[PDB]
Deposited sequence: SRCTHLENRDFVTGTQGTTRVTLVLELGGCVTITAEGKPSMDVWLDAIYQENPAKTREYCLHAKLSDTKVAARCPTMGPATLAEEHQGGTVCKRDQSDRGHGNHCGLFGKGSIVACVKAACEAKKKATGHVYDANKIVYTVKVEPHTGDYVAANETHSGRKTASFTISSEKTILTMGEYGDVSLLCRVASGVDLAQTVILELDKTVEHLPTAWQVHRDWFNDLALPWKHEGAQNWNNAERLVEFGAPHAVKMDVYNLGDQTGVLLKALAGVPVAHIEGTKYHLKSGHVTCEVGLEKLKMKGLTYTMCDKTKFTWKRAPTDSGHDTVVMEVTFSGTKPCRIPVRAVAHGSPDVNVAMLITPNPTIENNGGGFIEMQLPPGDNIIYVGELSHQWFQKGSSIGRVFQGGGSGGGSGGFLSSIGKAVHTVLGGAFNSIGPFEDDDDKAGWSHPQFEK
């Protein structure tokens, strides 16, 4: 599942310093190996924020001149991320055992690790969200056998035509949106209809996970002869679709290919926008798609809106990319 470090991706100095550049996408692993020392696996294991700030609470079903209240367990709550509080956890392990862990944020970039056999190693990781956090709100329903947490657009959330308040307030704002005597009933159904196909938010306890993002690390090694490899290009005539291009569930395109040639090798990947077959429009999330002796074959990418053609050598598949949207209209 791990890609090997290539010669081009590291530099060895006259004064014995090795500078390595790793691009680690969520779930992506790179194997770094030095002479006489066991090979180490380096990967981005998680992207999350624990307990993000609660913003507006929307009422889905209004209750009760007497004050308008909300029905029991009938709220839709918003949560906002703090881009500087999101944790990117990098794990280092040989080949559990001598597994090192380092967490980074926008604010915390540098750490010195004692990689045992590789000695004191400097790790400088620049984090990069796969989500435009400024335009995101986590919409969550009250605990009751369905997805009840979504990643919605800020402009959609803020203009939700429902009564609202902040936790601690004892008065609902714009309660006349469900009340007046006129009562409009439970709007959970209308909301769920609008949230169809919208990315679900992975919450594991207090950890609010992100399913997209990477880290670009500058690794500093001292006094060691780094074993560098170079991949040959995979034969374009020996690819098959294990998994044809599909929506990842976080605004990317995922696919998996089968290789029936000599391994390991570099996967030839490109995409063309309809009309121009010369320009490559594939923007890979997978920094180096390869076929390994062990595994390999999974490719993630961004594509322009419209009709595209993905090429994995001579293997092709058309892909229609939908345009951007703040969400479906709610009334």
Which parts of the deposited sequence have no C-alpha atoms in the model?
-> 1, 66-115, 147-156, 206-207, 244-253, 405-453
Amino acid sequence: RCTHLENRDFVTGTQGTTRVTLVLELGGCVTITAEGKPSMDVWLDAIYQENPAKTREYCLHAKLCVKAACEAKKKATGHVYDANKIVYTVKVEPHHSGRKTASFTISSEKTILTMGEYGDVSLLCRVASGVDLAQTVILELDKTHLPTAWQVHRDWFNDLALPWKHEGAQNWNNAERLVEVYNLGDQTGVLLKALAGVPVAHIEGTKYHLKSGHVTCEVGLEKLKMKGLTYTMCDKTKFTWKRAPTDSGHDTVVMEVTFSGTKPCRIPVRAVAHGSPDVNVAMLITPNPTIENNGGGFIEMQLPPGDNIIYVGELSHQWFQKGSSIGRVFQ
From here on, numbers count along this sequence of modelled residues.
Out of 164-172 and 122-130, which one has CA B-factors that are higher on average in the deposited record?
-> 164-172
Given 145-153 and 113-121, the range whose Cα B-factors average higher in the PDB entry = 113-121
Note to self: of 294, 55, 286, 49, the C-alpha temperature factor tops out at 294
Sort 193, 242, 85, 211 by C-alpha B-factor from the entry and give me just the highest.
-> 242
Of the three thirds of Cα B-factor ranks in this chain, residue 269 occupies the middle
Among the modelled residues of its chain, the C-alpha B-factor of residue 65 falls in the third labelled highest
So, residue 221's CA B-factor, relative to its chain, sits in which third? The middle
What third of its chain, lowest, middle or highest, does the C-alpha temperature factor of residue 326 fall into?
-> lowest
Report the third (lowest, middle or highest) to which the CA temperature factor of residue 23 belongs, ranking only the modelled residues of the same chain.
-> lowest
